[PDB]
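Those protein sequence lines, which keep their order, are chains A and B. The C-terminal position of the first sequence is numbered 686 in the numbering used here, with every residue numbered one higher than the one before it. The C-terminal position of the second sequence is numbered 1294 in the numbering used here, with every residue numbered one higher than the one before it. Here's the structure, in structure tokens; my notes come after.
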Amino acid sequence: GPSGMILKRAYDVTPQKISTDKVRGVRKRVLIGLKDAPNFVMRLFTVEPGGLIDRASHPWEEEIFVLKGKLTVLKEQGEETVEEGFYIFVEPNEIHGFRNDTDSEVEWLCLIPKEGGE
Amino acid sequence: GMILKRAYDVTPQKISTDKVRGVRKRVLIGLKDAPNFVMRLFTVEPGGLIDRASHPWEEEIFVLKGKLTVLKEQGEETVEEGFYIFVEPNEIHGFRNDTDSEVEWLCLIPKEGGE
Ligand SMILES: [Cu+2]
Ligand SMILES: [Cu+2]
Ligand SMILES: [Cu+2]
């Protein structure tokens, strides 16, 4: 494929509002998307106060790094809050979700194999 | 089926070769866990350097802390916390810390690149 290097301020990427049956109060920035990635994609998620990504599972893994705030992670059994500087590995098919129980925006990097889209 | 951990608590590996000095690397999500790509966290001391190199796989980076000097095929460019970098396969690249404090970034590569 193409040559070169992209270097960009992540916040300059246009966010997309996510509103589905299981997601509310979330915006996503596709940093390294399907148009460019040979193998896996990089997204930056922002969750507003009270926002929620309800428990779900999917047949690809997810790799996360928490960039800002206190993120509540929903698990098959119960929940756990993590903060900036934590990483999360979600195995394929593992139940997971996310909630923001704080008064300010929470952000994380999420990477998936490109077969799961962007 | 879910790992949640503070990245700092992963023991860093000092890297010192002919080509790399003043760098520590943490493997956060490595080959034991990852089906497709790995997650590392690099910390570079003031004056640390990863000399120009290239590899057959791509690299995806997110700058977490500080002002990172990126060595390119042509010259160099400085970036800061909050920048992402996409390095195409085979693109020459390296890194330097010209500041007086530690610089950190996340680096992800496909598993063919090892951890
Ligand atoms: Cu998911
Ligand atoms: Cu499980
Ligand atoms: Cu490299």
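We treat Cβ as the ideally placed atom computed from N, Cα and C, and that holds for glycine.
Notebook entry, point to check: What does the shell around ligand 2 hold, if a residue joins when its beta-carbon is under 6 angstroms from any heavy atom?
Noted result: Shown in chain order are the residues whose CB sits closer than 6 angstroms to a heavy atom of ligand 2: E662/A, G1180/B.
Next item on the list: Pull up the distance between the alpha-carbon of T1257/B and that of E631/A, whole angstroms please.
Entry: So the two alpha carbons sit approximately 27 angstroms from each other.
Next item on the list: In angstroms with no decimal places, state the Cα-to-Cα distance between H664/A and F633/A.
Entry: Taking the straight line from one Cα to the other gives about 15 angstroms.
Notebook entry, point to check: With distances taken from each beta carbon to the nearest heavy atom of ligand 3, which residues come in below 6 angstroms, in chain order?
Noted result: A1232/B, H1234/B, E1238/B, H1272/B
Next item on the list: State yes or no: is the C-beta of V658/A nearer than 7 angstroms to some heavy atom of ligand 1?
Entry: yes
Margin query: For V1266/B and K1246/B, what's the separation of their Cα atoms in angstroms?
Written below: 18 angstroms
Check: Bridge partners of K1204/B, per DSSP?
Finding: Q1192/B, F1221/B
Note to self: Considering just the uninterrupted stretch of the beta strand (DSSP E) at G1273/B, what are its terminal residues?
What the structure shows: 1272-1275
Checklist line | Cutoff 8 angstroms; reference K1198/B; Cβ partners in own chain excluding five residues on either side | finding: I1229, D1230, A1232
Next item on the list: Could you tell me the distance, in whole angstroms, from the CA atom of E683/A to the CA atom of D604/A?
Entry: 13 angstroms
Note to self: Does the CB of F1221/B have a neighbour CB from chain A at under 8 angstroms?
What the structure shows: So, not an interface residue.
Checklist line | Per DSSP, the bridge partner or partners of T1248/B | finding: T1257/B, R1275/B
Checklist line | Cβ of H626/A within 8 angstroms of any chain B Cβ | finding: no
Next item on the list: Please classify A1186/B: does DSSP put it in a helix, a strand, or coil?
Entry: helix
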